[PDB]
Amino acid sequence: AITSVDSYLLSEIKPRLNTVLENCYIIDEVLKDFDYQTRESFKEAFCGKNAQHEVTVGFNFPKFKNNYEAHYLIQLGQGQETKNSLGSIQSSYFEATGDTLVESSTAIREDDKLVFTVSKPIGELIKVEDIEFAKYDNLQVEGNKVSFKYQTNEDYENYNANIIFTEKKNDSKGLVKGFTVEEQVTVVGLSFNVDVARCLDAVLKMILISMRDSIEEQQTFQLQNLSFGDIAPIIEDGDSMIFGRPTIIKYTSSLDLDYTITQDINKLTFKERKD
Amino acid sequence: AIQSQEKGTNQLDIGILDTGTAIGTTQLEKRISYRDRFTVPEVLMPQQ
C-alpha cells in the first residue's frame, strides 16, 4: 500500500479545519494564551459560520494566483529508509484486505440471532464498541453481517452500536513485501499580517495534535514529530511583504506490496521404497 | 505623468505574483509621501 502523505494531510486538514473554525468556543480554547487584540481580530475575520473571510489550503507551485490573506501551503520534502525486515517481509495474509473502516450500525433482530449490517463485506472484525462476546454468544461473521445469540441478549434488540472492521477484497493469499520509510513534509502558513500567521500556526498545531487519534495515522503514519522554523519574509518584491513560519512534519510509514501465491496443497503421496 | 509601466510576473511555489516598476512625475508644489496611493479609473487591466 503506497502512501501519499500529502493527499492524506489535505483530506485530514480540510474538514477538520473547517469544523474547528466553525465554532468560537474551540477557537477561544486554542487562543487562550494570546492577547485580546489579535485573538479577537482573528475571530472576527475567520471564525464563525457566517465568516466573510475564509482560509484555503493547497499544494505548491499553483499556476493560478493564490490568496495570501491566510493560506496553508504544503510541499512534499525529503524521505529516507530507516528500517528493514528479513527478506523485506512485513506480514502474511490469507485473505486480501483493504482499508480499515469504522461504521455505525444499529442492532437488528433475526429469528435466531441479533445482527448488525454493514456497508461492505468483512475480512476481519477488530472491535465492537463496549462489547466482549463470550462463547455463549457465539460471535459469527457471515459476509456483510455479524451476529450473536438472540435469547440471552434480548434486552439489547436496538443497541445503537458502532463497528471497527476491515474490507474484504479477495479470497487469495500472499505475502507482504516492503520496508519502512521515514518521511519529512513541510507545511507553512502565509499571510501579509504576521499576527494572522501566528494564530494560523497555533491552529495548525492544534489540528496536528487532534489528528493523532485518527484511525489512518494510528495504523499507517505512526511516530509524528514536529519542527518549526523562524518567522521570515517570504517575499519582499511586492508592495508589502509575505510573512510565514514553515513547519516540518515527520512520519513513519510502511511502503509495501502484496505478492500473491498460487501454491495450495490438498493431497499427500506418502509411499515407501524398495531395493 | 507616468512612464515605464511594467507588469512584472514572478512564478513561485506560493503562486504567481504581479509586481513591477512604474515611474511618475508630478506637478509643482505637491509634496508626495512614502506609500501614498494612486488609482487611474481610465486604464483597465486584464486579469484571469
# chains A, B, ... in the order shown; residues from 1 in each chain; ligands from 1

$ interface_residues --of "chain B" --to "chain A" --cutoff "8 Å" --atoms "only C-alpha atoms" --output "ChimeraX atom specification"
/B:11-19

$ residues_around --residues "residue 140 of chain A" --least-positions-apart "4" --cutoff "12 Å" --atoms "only C-alpha atoms" --output "JSON, numbers by chain"
{"A": [113, 114, 115, 116, 122, 124, 125, 133, 134, 135, 136, 144, 145, 146, 147, 148, 149]}

$ write_last_selection --atoms "C-alpha atoms" --output "mmCIF file, in the first residue's frame"
data_model
loop_
_atom_site.group_PDB
_atom_site.id
_atom_site.type_symbol
_atom_site.label_atom_id
_atom_site.label_comp_id
_atom_site.auth_asym_id
_atom_site.auth_seq_id
_atom_site.Cartn_x
_atom_site.Cartn_y
_atom_site.Cartn_z
ATOM 1 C CA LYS A 113 -29.581 -14.021 16.306
ATOM 2 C CA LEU A 114 -29.172 -10.334 16.876
ATOM 3 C CA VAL A 115 -27.176 -8.891 13.970
ATOM 4 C CA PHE A 116 -25.514 -5.747 12.670
ATOM 5 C CA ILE A 122 -15.934 -8.237 6.314
ATOM 6 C CA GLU A 124 -11.747 -9.277 9.784
ATOM 7 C CA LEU A 125 -13.620 -7.845 12.768
ATOM 8 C CA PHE A 133 -18.621 -11.513 23.237
ATOM 9 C CA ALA A 134 -18.401 -14.740 25.228
ATOM 10 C CA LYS A 135 -18.602 -18.325 23.985
ATOM 11 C CA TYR A 136 -22.331 -18.407 24.778
ATOM 12 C CA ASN A 144 -21.766 -8.387 5.248
ATOM 13 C CA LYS A 145 -23.222 -9.017 8.709
ATOM 14 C CA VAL A 146 -22.097 -10.066 12.191
ATOM 15 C CA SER A 147 -24.369 -11.989 14.532
ATOM 16 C CA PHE A 148 -24.798 -13.250 18.098
ATOM 17 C CA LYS A 149 -27.334 -15.337 20.018
#

$ residues_around --residues "residue 55 of chain A" --least-positions-apart "4" --cutoff "12 Å" --atoms "only C-alpha atoms" --output "JSON, numbers by chain"
{"A": [13, 14, 17, 18, 21, 22, 42, 45, 46, 47, 51, 66, 67, 68, 69, 70, 71, 72, 73, 189, 190, 191, 196, 197, 200, 203]}

$ write_last_selection --atoms "N, CA and C atoms" --output "PDB file, in the first residue's frame"
ATOM      1  N   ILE A  13      -6.933  17.767   6.861  1.00  0.00           N
ATOM      2  CA  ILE A  13      -6.904  19.167   7.264  1.00  0.00           C
ATOM      3  C   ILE A  13      -8.209  19.863   6.900  1.00  0.00           C
ATOM      4  N   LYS A  14      -8.709  19.641   5.680  1.00  0.00           N
ATOM      5  CA  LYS A  14      -9.792  20.490   5.184  1.00  0.00           C
ATOM      6  C   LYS A  14     -11.053  20.391   6.036  1.00  0.00           C
ATOM      7  N   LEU A  17     -10.229  21.467   9.736  1.00  0.00           N
ATOM      8  CA  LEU A  17     -10.018  22.903   9.861  1.00  0.00           C
ATOM      9  C   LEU A  17     -11.334  23.659   9.756  1.00  0.00           C
ATOM     10  N   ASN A  18     -12.190  23.263   8.813  1.00  0.00           N
ATOM     11  CA  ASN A  18     -13.482  23.927   8.681  1.00  0.00           C
ATOM     12  C   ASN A  18     -14.302  23.774   9.955  1.00  0.00           C
ATOM     13  N   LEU A  21     -12.821  26.002  12.771  1.00  0.00           N
ATOM     14  CA  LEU A  21     -13.159  27.403  12.568  1.00  0.00           C
ATOM     15  C   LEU A  21     -14.658  27.655  12.610  1.00  0.00           C
ATOM     16  N   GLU A  22     -15.476  26.603  12.606  1.00  0.00           N
ATOM     17  CA  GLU A  22     -16.923  26.789  12.604  1.00  0.00           C
ATOM     18  C   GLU A  22     -17.395  27.482  13.877  1.00  0.00           C
ATOM     19  N   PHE A  42      -8.671  37.907  14.815  1.00  0.00           N
ATOM     20  CA  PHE A  42      -8.749  36.656  14.072  1.00  0.00           C
ATOM     21  C   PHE A  42     -10.141  36.052  14.162  1.00  0.00           C
ATOM     22  N   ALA A  45     -12.391  37.952  11.841  1.00  0.00           N
ATOM     23  CA  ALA A  45     -12.118  37.768  10.421  1.00  0.00           C
ATOM     24  C   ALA A  45     -12.551  36.389   9.947  1.00  0.00           C
ATOM     25  N   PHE A  46     -12.078  35.336  10.613  1.00  0.00           N
ATOM     26  CA  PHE A  46     -12.192  33.980  10.094  1.00  0.00           C
ATOM     27  C   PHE A  46     -13.180  33.107  10.848  1.00  0.00           C
ATOM     28  N   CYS A  47     -13.373  33.337  12.141  1.00  0.00           N
ATOM     29  CA  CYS A  47     -14.152  32.419  12.954  1.00  0.00           C
ATOM     30  C   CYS A  47     -15.644  32.660  12.767  1.00  0.00           C
ATOM     31  N   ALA A  51     -18.623  33.697   8.679  1.00  0.00           N
ATOM     32  CA  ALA A  51     -17.408  34.454   8.419  1.00  0.00           C
ATOM     33  C   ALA A  51     -17.329  34.850   6.952  1.00  0.00           C
ATOM     34  N   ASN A  66      -2.953  32.757  -5.830  1.00  0.00           N
ATOM     35  CA  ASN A  66      -3.362  32.137  -4.581  1.00  0.00           C
ATOM     36  C   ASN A  66      -3.549  33.210  -3.519  1.00  0.00           C
ATOM     37  N   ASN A  67      -4.614  33.067  -2.733  1.00  0.00           N
ATOM     38  CA  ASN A  67      -4.959  34.080  -1.745  1.00  0.00           C
ATOM     39  C   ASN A  67      -3.918  34.107  -0.636  1.00  0.00           C
ATOM     40  N   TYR A  68      -3.392  35.301  -0.360  1.00  0.00           N
ATOM     41  CA  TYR A  68      -2.323  35.489   0.610  1.00  0.00           C
ATOM     42  C   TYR A  68      -2.799  36.205   1.867  1.00  0.00           C
ATOM     43  N   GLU A  69      -4.112  36.280   2.083  1.00  0.00           N
ATOM     44  CA  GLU A  69      -4.608  36.763   3.365  1.00  0.00           C
ATOM     45  C   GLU A  69      -4.395  35.716   4.448  1.00  0.00           C
ATOM     46  N   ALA A  70      -4.714  34.461   4.144  1.00  0.00           N
ATOM     47  CA  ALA A  70      -4.458  33.352   5.056  1.00  0.00           C
ATOM     48  C   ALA A  70      -4.552  32.065   4.258  1.00  0.00           C
ATOM     49  N   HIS A  71      -3.447  31.332   4.164  1.00  0.00           N
ATOM     50  CA  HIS A  71      -3.416  30.118   3.367  1.00  0.00           C
ATOM     51  C   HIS A  71      -2.425  29.137   3.973  1.00  0.00           C
ATOM     52  N   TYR A  72      -2.755  27.852   3.869  1.00  0.00           N
ATOM     53  CA  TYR A  72      -1.872  26.766   4.269  1.00  0.00           C
ATOM     54  C   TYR A  72      -1.203  26.199   3.025  1.00  0.00           C
ATOM     55  N   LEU A  73       0.124  26.221   3.003  1.00  0.00           N
ATOM     56  CA  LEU A  73       0.906  25.789   1.852  1.00  0.00           C
ATOM     57  C   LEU A  73       1.665  24.520   2.211  1.00  0.00           C
ATOM     58  N   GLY A 189       2.234  28.471   6.806  1.00  0.00           N
ATOM     59  CA  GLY A 189       1.117  29.391   6.682  1.00  0.00           C
ATOM     60  C   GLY A 189       1.591  30.731   6.146  1.00  0.00           C
ATOM     61  N   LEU A 190       0.780  31.326   5.276  1.00  0.00           N
ATOM     62  CA  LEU A 190       1.123  32.571   4.608  1.00  0.00           C
ATOM     63  C   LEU A 190       0.105  33.644   4.958  1.00  0.00           C
ATOM     64  N   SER A 191       0.602  34.851   5.217  1.00  0.00           N
ATOM     65  CA  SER A 191      -0.249  35.997   5.494  1.00  0.00           C
ATOM     66  C   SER A 191       0.599  37.254   5.466  1.00  0.00           C
ATOM     67  N   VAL A 196      -1.875  37.202  12.093  1.00  0.00           N
ATOM     68  CA  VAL A 196      -2.703  36.171  11.485  1.00  0.00           C
ATOM     69  C   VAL A 196      -1.883  34.912  11.253  1.00  0.00           C
ATOM     70  N   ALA A 197      -0.627  35.073  10.832  1.00  0.00           N
ATOM     71  CA  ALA A 197       0.237  33.916  10.631  1.00  0.00           C
ATOM     72  C   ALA A 197       0.479  33.175  11.937  1.00  0.00           C
ATOM     73  N   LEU A 200      -2.640  31.306  12.844  1.00  0.00           N
ATOM     74  CA  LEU A 200      -2.786  30.197  11.913  1.00  0.00           C
ATOM     75  C   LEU A 200      -1.861  29.049  12.287  1.00  0.00           C
ATOM     76  N   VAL A 203      -3.337  27.226  15.263  1.00  0.00           N
ATOM     77  CA  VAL A 203      -4.433  26.361  14.836  1.00  0.00           C
ATOM     78  C   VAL A 203      -3.887  25.107  14.168  1.00  0.00           C
TER      79      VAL A 203
END

$ select_by_dssp --residues "segment 149-274 of chain A" --states "strand (DSSP E or B)" --output "number ranges by chain"
A: 149, 162-170, 173-191, 222-228, 232-235, 242-244, 247-261

$ atom_distance --atom1 "atom CA of residue 213 of chain A" --atom2 "atom CA of residue 26 of chain A"
17.4 Å

$ residues_around --residues "segment 214-216 of chain A" --least-positions-apart "5" --cutoff "10 Å" --atoms "only C-alpha atoms" --output "list in words"
residues 8, 12, 99, 100, 101, 102, 164, 221 and 222 of chain A

$ residues_around --residues "residue 127 of chain A" --least-positions-apart "2" --cutoff "9 Å" --atoms "only C-alpha atoms" --output "PDB file with N, CA and C atoms, in the first residue's frame"
ATOM      1  N   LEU A 125     -13.000  -8.700  11.764  1.00  0.00           N
ATOM      2  CA  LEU A 125     -13.620  -7.845  12.768  1.00  0.00           C
ATOM      3  C   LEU A 125     -12.631  -7.537  13.885  1.00  0.00           C
ATOM      4  N   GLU A 129     -17.952  -1.808  19.717  1.00  0.00           N
ATOM      5  CA  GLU A 129     -17.897  -0.864  20.825  1.00  0.00           C
ATOM      6  C   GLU A 129     -18.602  -1.397  22.068  1.00  0.00           C
ATOM      7  N   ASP A 130     -17.868  -1.412  23.182  1.00  0.00           N
ATOM      8  CA  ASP A 130     -18.402  -1.749  24.502  1.00  0.00           C
ATOM      9  C   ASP A 130     -18.987  -3.157  24.567  1.00  0.00           C
ATOM     10  N   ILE A 131     -18.418  -4.093  23.812  1.00  0.00           N
ATOM     11  CA  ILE A 131     -18.870  -5.480  23.802  1.00  0.00           C
ATOM     12  C   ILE A 131     -17.651  -6.388  23.872  1.00  0.00           C
ATOM     13  N   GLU A 132     -17.772  -7.457  24.655  1.00  0.00           N
ATOM     14  CA  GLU A 132     -16.787  -8.538  24.726  1.00  0.00           C
ATOM     15  C   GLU A 132     -17.555  -9.854  24.650  1.00  0.00           C
ATOM     16  N   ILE A 163     -19.063  -0.055  14.773  1.00  0.00           N
ATOM     17  CA  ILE A 163     -18.182  -1.165  14.432  1.00  0.00           C
ATOM     18  C   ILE A 163     -16.916  -0.627  13.783  1.00  0.00           C
ATOM     19  N   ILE A 164     -15.776  -1.177  14.198  1.00  0.00           N
ATOM     20  CA  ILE A 164     -14.494  -1.036  13.514  1.00  0.00           C
ATOM     21  C   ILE A 164     -14.153  -2.363  12.851  1.00  0.00           C
ATOM     22  N   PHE A 165     -14.007  -2.352  11.527  1.00  0.00           N
ATOM     23  CA  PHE A 165     -13.854  -3.575  10.752  1.00  0.00           C
ATOM     24  C   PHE A 165     -12.891  -3.322   9.599  1.00  0.00           C
TER      25      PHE A 165
END

$ atom_distance --atom1 "atom CA of residue 25 of chain A" --atom2 "atom CA of residue 54 of chain A"
18.1 Å

$ closest_residue --among "A:57, A:265, A:86, A:255" --to "residue 179 of chain A" --atoms "only C-alpha atoms"
A:255

$ atom_distance --atom1 "atom CA of residue 56 of chain A" --atom2 "atom CA of residue 199 of chain A"
14.6 Å

$ decode --residues "segment 35-64 of chain A" --atoms "N, CA, C and O atoms" --output "PDB file, in the first residue's frame"
ATOM      1  N   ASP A  35      -2.954  37.495  23.208  1.00  0.00           N
ATOM      2  CA  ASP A  35      -3.528  38.732  23.705  1.00  0.00           C
ATOM      3  C   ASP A  35      -4.947  38.920  23.173  1.00  0.00           C
ATOM      4  O   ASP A  35      -5.398  38.242  22.246  1.00  0.00           O
ATOM      5  N   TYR A  36      -5.655  39.866  23.790  1.00  0.00           N
ATOM      6  CA  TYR A  36      -7.043  40.132  23.428  1.00  0.00           C
ATOM      7  C   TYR A  36      -7.160  40.614  21.988  1.00  0.00           C
ATOM      8  O   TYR A  36      -8.048  40.176  21.246  1.00  0.00           O
ATOM      9  N   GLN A  37      -6.262  41.508  21.575  1.00  0.00           N
ATOM     10  CA  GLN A  37      -6.398  42.183  20.289  1.00  0.00           C
ATOM     11  C   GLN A  37      -6.330  41.190  19.132  1.00  0.00           C
ATOM     12  O   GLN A  37      -7.261  41.093  18.323  1.00  0.00           O
ATOM     13  N   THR A  38      -5.223  40.452  19.033  1.00  0.00           N
ATOM     14  CA  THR A  38      -5.043  39.533  17.915  1.00  0.00           C
ATOM     15  C   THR A  38      -6.084  38.424  17.941  1.00  0.00           C
ATOM     16  O   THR A  38      -6.617  38.031  16.895  1.00  0.00           O
ATOM     17  N   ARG A  39      -6.377  37.905  19.133  1.00  0.00           N
ATOM     18  CA  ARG A  39      -7.391  36.869  19.278  1.00  0.00           C
ATOM     19  C   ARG A  39      -8.724  37.330  18.707  1.00  0.00           C
ATOM     20  O   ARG A  39      -9.327  36.651  17.865  1.00  0.00           O
ATOM     21  N   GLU A  40      -9.191  38.497  19.148  1.00  0.00           N
ATOM     22  CA  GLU A  40     -10.496  38.975  18.712  1.00  0.00           C
ATOM     23  C   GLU A  40     -10.488  39.339  17.235  1.00  0.00           C
ATOM     24  O   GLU A  40     -11.488  39.136  16.540  1.00  0.00           O
ATOM     25  N   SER A  41      -9.375  39.873  16.729  1.00  0.00           N
ATOM     26  CA  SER A  41      -9.312  40.206  15.309  1.00  0.00           C
ATOM     27  C   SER A  41      -9.415  38.953  14.451  1.00  0.00           C
ATOM     28  O   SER A  41     -10.161  38.918  13.464  1.00  0.00           O
ATOM     29  N   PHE A  42      -8.671  37.907  14.815  1.00  0.00           N
ATOM     30  CA  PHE A  42      -8.749  36.656  14.072  1.00  0.00           C
ATOM     31  C   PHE A  42     -10.141  36.052  14.162  1.00  0.00           C
ATOM     32  O   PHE A  42     -10.670  35.536  13.169  1.00  0.00           O
ATOM     33  N   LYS A  43     -10.754  36.108  15.347  1.00  0.00           N
ATOM     34  CA  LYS A  43     -12.106  35.585  15.499  1.00  0.00           C
ATOM     35  C   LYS A  43     -13.089  36.343  14.618  1.00  0.00           C
ATOM     36  O   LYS A  43     -13.955  35.741  13.973  1.00  0.00           O
ATOM     37  N   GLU A  44     -12.967  37.668  14.575  1.00  0.00           N
ATOM     38  CA  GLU A  44     -13.844  38.470  13.732  1.00  0.00           C
ATOM     39  C   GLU A  44     -13.643  38.138  12.261  1.00  0.00           C
ATOM     40  O   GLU A  44     -14.612  38.052  11.497  1.00  0.00           O
ATOM     41  N   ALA A  45     -12.391  37.952  11.841  1.00  0.00           N
ATOM     42  CA  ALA A  45     -12.118  37.768  10.421  1.00  0.00           C
ATOM     43  C   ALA A  45     -12.551  36.389   9.947  1.00  0.00           C
ATOM     44  O   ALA A  45     -13.318  36.266   8.984  1.00  0.00           O
ATOM     45  N   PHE A  46     -12.078  35.336  10.613  1.00  0.00           N
ATOM     46  CA  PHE A  46     -12.192  33.980  10.094  1.00  0.00           C
ATOM     47  C   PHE A  46     -13.180  33.107  10.848  1.00  0.00           C
ATOM     48  O   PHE A  46     -13.773  32.213  10.243  1.00  0.00           O
ATOM     49  N   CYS A  47     -13.373  33.337  12.141  1.00  0.00           N
ATOM     50  CA  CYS A  47     -14.152  32.419  12.954  1.00  0.00           C
ATOM     51  C   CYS A  47     -15.644  32.660  12.767  1.00  0.00           C
ATOM     52  O   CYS A  47     -16.083  33.767  12.441  1.00  0.00           O
ATOM     53  N   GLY A  48     -16.417  31.609  12.978  1.00  0.00           N
ATOM     54  CA  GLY A  48     -17.861  31.670  12.912  1.00  0.00           C
ATOM     55  C   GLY A  48     -18.399  31.084  11.621  1.00  0.00           C
ATOM     56  O   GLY A  48     -17.718  31.038  10.591  1.00  0.00           O
ATOM     57  N   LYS A  49     -19.649  30.623  11.677  1.00  0.00           N
ATOM     58  CA  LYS A  49     -20.286  30.072  10.486  1.00  0.00           C
ATOM     59  C   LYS A  49     -20.408  31.120   9.391  1.00  0.00           C
ATOM     60  O   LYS A  49     -20.153  30.833   8.216  1.00  0.00           O
ATOM     61  N   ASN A  50     -20.793  32.341   9.755  1.00  0.00           N
ATOM     62  CA  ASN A  50     -21.052  33.408   8.801  1.00  0.00           C
ATOM     63  C   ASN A  50     -19.819  34.251   8.504  1.00  0.00           C
ATOM     64  O   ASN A  50     -19.959  35.418   8.118  1.00  0.00           O
ATOM     65  N   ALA A  51     -18.623  33.697   8.679  1.00  0.00           N
ATOM     66  CA  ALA A  51     -17.408  34.454   8.419  1.00  0.00           C
ATOM     67  C   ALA A  51     -17.329  34.850   6.952  1.00  0.00           C
ATOM     68  O   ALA A  51     -17.547  34.026   6.059  1.00  0.00           O
ATOM     69  N   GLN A  52     -17.015  36.121   6.705  1.00  0.00           N
ATOM     70  CA  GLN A  52     -16.877  36.603   5.337  1.00  0.00           C
ATOM     71  C   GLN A  52     -15.536  36.193   4.744  1.00  0.00           C
ATOM     72  O   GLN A  52     -15.470  35.718   3.606  1.00  0.00           O
ATOM     73  N   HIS A  53     -14.460  36.369   5.504  1.00  0.00           N
ATOM     74  CA  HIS A  53     -13.145  35.921   5.076  1.00  0.00           C
ATOM     75  C   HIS A  53     -12.989  34.429   5.341  1.00  0.00           C
ATOM     76  O   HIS A  53     -13.597  33.872   6.258  1.00  0.00           O
ATOM     77  N   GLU A  54     -12.162  33.783   4.522  1.00  0.00           N
ATOM     78  CA  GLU A  54     -12.005  32.338   4.580  1.00  0.00           C
ATOM     79  C   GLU A  54     -10.564  31.971   4.266  1.00  0.00           C
ATOM     80  O   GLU A  54      -9.904  32.620   3.452  1.00  0.00           O
ATOM     81  N   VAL A  55     -10.089  30.914   4.921  1.00  0.00           N
ATOM     82  CA  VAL A  55      -8.752  30.380   4.683  1.00  0.00           C
ATOM     83  C   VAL A  55      -8.819  29.335   3.580  1.00  0.00           C
ATOM     84  O   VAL A  55      -9.902  28.859   3.221  1.00  0.00           O
ATOM     85  N   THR A  56      -7.660  28.976   3.037  1.00  0.00           N
ATOM     86  CA  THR A  56      -7.568  27.986   1.977  1.00  0.00           C
ATOM     87  C   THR A  56      -6.300  27.172   2.171  1.00  0.00           C
ATOM     88  O   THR A  56      -5.393  27.561   2.910  1.00  0.00           O
ATOM     89  N   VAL A  57      -6.250  26.026   1.500  1.00  0.00           N
ATOM     90  CA  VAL A  57      -5.105  25.129   1.570  1.00  0.00           C
ATOM     91  C   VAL A  57      -4.898  24.501   0.200  1.00  0.00           C
ATOM     92  O   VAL A  57      -5.863  24.190  -0.505  1.00  0.00           O
ATOM     93  N   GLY A  58      -3.637  24.317  -0.176  1.00  0.00           N
ATOM     94  CA  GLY A  58      -3.315  23.739  -1.467  1.00  0.00           C
ATOM     95  C   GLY A  58      -1.835  23.456  -1.562  1.00  0.00           C
ATOM     96  O   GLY A  58      -1.049  23.827  -0.686  1.00  0.00           O
ATOM     97  N   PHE A  59      -1.464  22.790  -2.650  1.00  0.00           N
ATOM     98  CA  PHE A  59      -0.077  22.416  -2.863  1.00  0.00           C
ATOM     99  C   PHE A  59       0.700  23.583  -3.462  1.00  0.00           C
ATOM    100  O   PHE A  59       0.147  24.628  -3.812  1.00  0.00           O
ATOM    101  N   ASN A  60       2.008  23.387  -3.575  1.00  0.00           N
ATOM    102  CA  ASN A  60       2.896  24.437  -4.035  1.00  0.00           C
ATOM    103  C   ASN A  60       2.944  24.489  -5.561  1.00  0.00           C
ATOM    104  O   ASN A  60       2.504  23.577  -6.266  1.00  0.00           O
ATOM    105  N   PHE A  61       3.501  25.586  -6.060  1.00  0.00           N
ATOM    106  CA  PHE A  61       3.546  25.892  -7.485  1.00  0.00           C
ATOM    107  C   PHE A  61       2.175  25.774  -8.157  1.00  0.00           C
ATOM    108  O   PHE A  61       2.005  24.989  -9.095  1.00  0.00           O
ATOM    109  N   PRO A  62       1.179  26.535  -7.701  1.00  0.00           N
ATOM    110  CA  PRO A  62      -0.068  26.643  -8.464  1.00  0.00           C
ATOM    111  C   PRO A  62       0.048  27.704  -9.548  1.00  0.00           C
ATOM    112  O   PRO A  62       0.504  28.822  -9.297  1.00  0.00           O
ATOM    113  N   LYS A  63      -0.373  27.349 -10.762  1.00  0.00           N
ATOM    114  CA  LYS A  63      -0.277  28.279 -11.879  1.00  0.00           C
ATOM    115  C   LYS A  63      -1.188  29.487 -11.707  1.00  0.00           C
ATOM    116  O   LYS A  63      -0.923  30.534 -12.308  1.00  0.00           O
ATOM    117  N   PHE A  64      -2.239  29.370 -10.903  1.00  0.00           N
ATOM    118  CA  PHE A  64      -3.145  30.481 -10.650  1.00  0.00           C
ATOM    119  C   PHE A  64      -2.684  31.292  -9.444  1.00  0.00           C
ATOM    120  O   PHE A  64      -1.905  30.829  -8.609  1.00  0.00           O
TER     121      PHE A  64
END
